[PDB]
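Engineer: Here it is: the structure, laid out below.
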Amino acid sequence: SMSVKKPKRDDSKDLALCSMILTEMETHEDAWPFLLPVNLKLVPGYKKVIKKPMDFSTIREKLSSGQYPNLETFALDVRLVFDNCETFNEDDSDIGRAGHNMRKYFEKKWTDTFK
């Protein structure tokens, strides 16, 4: 509360560390469905159904331009990518499986880096 603060967590490396995680997600062999924005002209149903599209290239640009106020807003957009994928793709599809795999890969790196 006013003039009453928990001890200051060092957040000075968060930007660099989020960037390194994102590099590791970008280079994973199952990243291909997620690298670029879904083409809303060419994929029927996507525009109407997926209210907030997100992809790695869009996260990279937001990261690089100071549009994440903290590491939690960064994680929310990564998770959005996988939540969208689950909304639109059957579990038993290449893309469906890719999204489960990448979500797992992310959550481990997140816990190991920050928790």
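In the structure tokens, chains take the letters A, B, ... in the order shown, each chain's residues start at 1, and ligands count up from 1 in the order shown.
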Residues of chain A classed as helix (DSSP H, G or I) by DSSP on the backbone are to be reported as a PyMOL selection string.

Structural biologist: chain A and resi 14-27+29-31+46-49+56-64+71-88+94-114

Engineer: Which polymer residues have any atom within 9 Å of an atom of region 110-113 of chain A, counting only C-alpha atoms, with same-chain residues fewer than 4 positions away left out, as a PyMOL selection string?

Structural biologist: chain A and resi 17-18+21+75+105-106

Engineer: Given the choices A:82, A:74, A:56, A:88, which gets closest to residue 43 (chain A) if the distance is worked out from only C-alpha atoms?

Structural biologist: A:88

Engineer: Which residues, written as a list in words, have at least one atom at most 12 Å from residue 15 (chain A), with only C-alpha atoms counted and residues fewer than 5 positions away on the same chain left out?

Structural biologist: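 Answer for this query is residues 10, 20, 21, 22, 60, 62, 63, 64, 65, 66, 67, 68, 69, 70, 71, 72, 73 and 74 of chain A.
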
Engineer: Would you please work out which residue, of A:23, A:12, A:93, A:84, is nearest to residue 53 (chain A) when using only C-alpha atoms?

Structural biologist: A:84

Engineer: Kindly indicate which residue among A:102, A:4, A:54, A:40 lies nearest to residue 81 (chain A), using only C-alpha atoms for the distances.

Structural biologist: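 The shortest atom-to-atom distance to residue 81 (chain A) comes from A:54.
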
Engineer: Mind checking which residues fall within 7 Å of residue 36 (chain A), counting only C-alpha atoms, ignoring those fewer than 2 positions away in the same chain, and posting them as a list in words?

Structural biologist: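 Once the nearby chain positions are removed, what remains is residues 34, 38, 55, 56 and 57 of chain A.
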
Engineer: Excluding same-chain residues fewer than 4 positions from residue 94 (chain A), what lies within 10 Å of it counting only C-alpha atoms, as a count of residues only?

Structural biologist: 6

Engineer: Which residue gives the smallest distance to residue 100 (chain A) among A:52, A:115, A:79, A:9, with only C-alpha atoms counted?

Structural biologist: A:79
